[PDB]
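Chain naming follows the written order as A, B, C, D, E, F, G and H, and within any one chain the residues start at number 1.
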Amino acid sequence: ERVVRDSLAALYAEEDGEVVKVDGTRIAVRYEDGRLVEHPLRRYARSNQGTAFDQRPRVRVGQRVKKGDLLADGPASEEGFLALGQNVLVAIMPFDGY
Amino acid sequence: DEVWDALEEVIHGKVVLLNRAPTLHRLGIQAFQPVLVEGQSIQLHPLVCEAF
Amino acid sequence: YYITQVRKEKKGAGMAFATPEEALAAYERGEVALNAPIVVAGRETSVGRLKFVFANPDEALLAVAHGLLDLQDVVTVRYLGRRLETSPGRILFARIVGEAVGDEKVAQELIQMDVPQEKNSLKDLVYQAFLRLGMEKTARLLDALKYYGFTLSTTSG
Amino acid sequence: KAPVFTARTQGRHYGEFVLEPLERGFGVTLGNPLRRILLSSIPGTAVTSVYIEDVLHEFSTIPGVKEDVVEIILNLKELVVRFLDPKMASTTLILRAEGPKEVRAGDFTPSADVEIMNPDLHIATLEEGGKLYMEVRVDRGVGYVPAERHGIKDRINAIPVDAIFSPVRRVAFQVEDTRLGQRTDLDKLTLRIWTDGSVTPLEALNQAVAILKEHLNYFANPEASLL
Amino acid sequence: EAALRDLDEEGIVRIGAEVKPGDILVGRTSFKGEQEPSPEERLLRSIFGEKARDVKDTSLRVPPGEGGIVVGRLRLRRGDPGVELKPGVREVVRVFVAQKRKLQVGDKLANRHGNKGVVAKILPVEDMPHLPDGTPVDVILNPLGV
Amino acid sequence: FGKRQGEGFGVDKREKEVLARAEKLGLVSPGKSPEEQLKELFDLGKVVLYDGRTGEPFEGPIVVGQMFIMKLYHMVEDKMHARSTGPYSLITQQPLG
Amino acid sequence: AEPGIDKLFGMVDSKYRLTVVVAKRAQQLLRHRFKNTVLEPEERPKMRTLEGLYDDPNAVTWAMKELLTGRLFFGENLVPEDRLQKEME
Amino acid sequence: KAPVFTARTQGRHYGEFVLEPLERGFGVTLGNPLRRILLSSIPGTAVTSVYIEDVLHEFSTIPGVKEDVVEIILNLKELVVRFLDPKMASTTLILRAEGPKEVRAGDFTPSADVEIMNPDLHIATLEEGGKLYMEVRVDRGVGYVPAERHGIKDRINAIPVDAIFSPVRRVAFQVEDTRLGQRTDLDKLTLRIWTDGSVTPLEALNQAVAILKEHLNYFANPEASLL
């Protein structure tokens, strides 16, 4: 969790507040101080190595979030946890030389 | 499929050289008869992996 | 190595019997294991060498296919004019080397059928096949050792 | 003897098929080839193309929609649609939706001779102001073919999707003991078939035996030779 | 006309088109550098009734082995507000292409413990080793690498 | 295993064929029931596994489970290259991309 | 691939003289489009193909096949050089 | 498509059968089950009991003969006999000889309903002054049945014999990649069969594929319940 936190690839709530809009391009939340902030989601941007930098929303409309609560997952993150691959069912055995 | 057959006929009997670096002895280069294969990878016989 | 290695079990810890009928009876009570070394009359043997006495390899490998036997069990089998005490796996290996080389006589000449096959004996086998048979026959043998090598490694899990 | 058949089905998705008794070694001799064509060669349906009104390509977002088009196509790959008309090979389905709702599979504009088998399947969440105007080409096929293969151009802005045609989700079989028999060591085969509902397990098992018996007839008139 | 279908009005490829190696992404023409057409070239055109253009095709095509679908476009023209460009360059055009890459033979897999491997064989779910309940495994790893 | 009994299925004859050898080598304790020997394998991390090509089981128990596996980056120069004839450099006349 | 390769190494004192013989003979086969072959039609190497079994287009394969028949002679200064190709066409 | 089905034989004991080309997975789908049937279901005959004069045990010896009783049973387990009518379920063959003789299997007293396809098979070597009279059970069955399960008791001094009923000696198959234009990954199934000559490998194969499709027809009359 902390790796994706300090990498600034995910998106988190600046303060306590409630989510009012959620779509693939933006997440708008109304915070305590009364401000309305919409957070643009970077979508299919190109990294130095050509990998897709893509953020995806992880909150629902009307969801009340605390400060530091996750709003959008960055690349290689699942609900705020580093997601560098897949969990696959493996069998440890030879197999016809392949 | 007409020209894949054509490529198969020019390949027949011919050999290509396969080289893995570093070439430490002469067996770092060996000649094989090519078999056309699906994918993007060269398929290397397992008994020659020691030499390479 | 897995098919040419031989089982040795603990249960029959050198138990002695006067007749093979007594040993086969003790095996049916579960007092002696199949390949546990035992003494019948004065000779050393095991239950499997008394229970399974095959006329030819095709009968021995047929029995293994029917689940009555594993390739690693030690058994009496008649192969190439003499009555051998060996495992079906060791017979299978000789069948593999023989049919790749073509002549099962000279195959039996350069195979060490009394030990598990390993890195060095296989390496020695390849060299002796190169000397006796030549390049292409040794290449066919290597492909055969490859095929049955992977196939049996997967089979045994 | 004469082996007894029984079939204990559950809805249109699960089916157990027992066979008793069999000679020692026929449980796997029958069950495994049955499992192999079942999992591989049962004809079925799947989405093969998708058009969304204001979407040019798969790497797009829809205003007022949480999921991107890649996710939507991911969800559409899970849509199972059975055909009632065997004369029908292909079709097209419409889906329009508005406002704050969770567009599920059953929200498609209904159509005769086709039936959604998993209407609770999620498609997309639309918030207030969100519009999703979509139509999906659905074809009949077999096996698995990725989008990268078939090229049709149904529409200029249509998006080909991966086609997972086979309606069979899982196959297992169990070889057990049976005392229903003359001797002691006979087999008891029990096929276990899971499907998506488009094709019942008994239909798939019947089609499997057909494909096997069809392929069995290939050992017929050989081209003889001898050394 | 077919090789130009996905080119828009001004010669650069449209967003959403699928581009395979060799396809045109940005159309461009360059003056030939006036030279006599060869006598063989003259007789060739006389046979097919074609009058020689004074310009050659130097358009940006997609390199071999690369492709995908166009997702972005960008044009920077000299003499337009906000932009200054290299001397001698009239304008630059940038096209962004995206592709979905699924796992294939040759791709490199690894775990956090240093186990490395290249995918060598993609196998049908039917051939895969499976549990008694019919569940198949996803990947087979050789114990000899341990 | 409990869910399997609730569905009305005992120990498969192929599993008992594997359990026989796991006892020969000494991986399960002799005397225990088939379910107990399967449990002695399962907490060793090992399970009975069937070959999808034959229906027969692999002769020995086989440790399966979930492993975290990543797909690693693929540089541009690592992709499949192939030249017959192409450009050649100016001063040295050697092949040039 | 190359059957009888051990027998080919025996026909020559040096393995490299075999390569020269195979290569040079294969060059003559290409120059004359396999008309100058010494092989009978049933021992012509074939290529398994749909639409029939055509002749193997590999000249190195023919040269090795011909050399195994003994129907070729090879050696140094065996015949004048110019008179060779002048009289072979 | 429709694959070519070739056959390369050598006498009545060997058969090479190639089926090509075939869609992926089917070479294995056909291979193993047919292989399993060939080694376990094909019916044949086998020696099941022998009466030996002057001998009372399976591990003893016989004078006048260089071989012991164990070596005799082994040679009889290699004896292949053919029954001339299907109605015959068993028979008893007789052997009688004397003098310094090389006793082959063609030295059995000729029977009517039984042919011996091992005319020159070595059974025993008789020397100067030895006696050998012999009679042997021959039944028909399937597969491989040891003398341990059935202790047959129709004589007084008879010994049970391991019953190698199956006429098939050995089965080997493999699938390899064959190409058809664009694709290079199709199934080429090669089937290798050895028999004892009583039935040819080709006519052992058509029976295996006939036993298989017979067992597939059992999936026809279900007892449909549903839980």
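The rule is simple: contacts are C-beta pairs under 8 Å (C-beta built on N, C-alpha and C of every residue); 3 or more make two chains touch, one makes a residue touch a chain.
Protein names from UniProt, one per chain: D, H = DNA-directed RNA polymerase subunit alpha; G = DNA-directed RNA polymerase subunit omega.
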Top chain pair, ranked by how many C-beta pairs fall in contact: D-H
Chain located farthest away, centre of chain F as origin (C-alpha): G
Geometric centre distance via CA averages, chain G-chain C, whole Å: 47
Where chain A and chain B are represented by their mean Cα positions, the distance between them in whole Å: 45
Touching two or more other chains - residues of chain G: none
Shared interface positions of chain F, touching two or more other chains: 12, 14, 49, 52-55, 58, 62, 64, 67-71, 79-80
In chain D, residues with contacts to at least two other chains: 28-29, 32, 35-36, 40, 59, 174
Chain B residues touching chain G - in the complex, by the definition given at the top: 5, 9-10, 12-14, 33
Sites on chain F touched by chain C in the complex: 17, 21, 24, 49, 57-62
Parts of chain A lying in touch with chain F, wherever the complex brings them together: 49, 51, 84-93
List of chain H residues in touch with chain C within their complex: 39-40, 59, 70-71, 73-75, 77-78, 143-144, 146, 148, 162, 164, 166, 169-170, 194
Contact set on chain D toward chain F in their complex: 27-29, 31-32, 35-36, 173-177, 187, 190
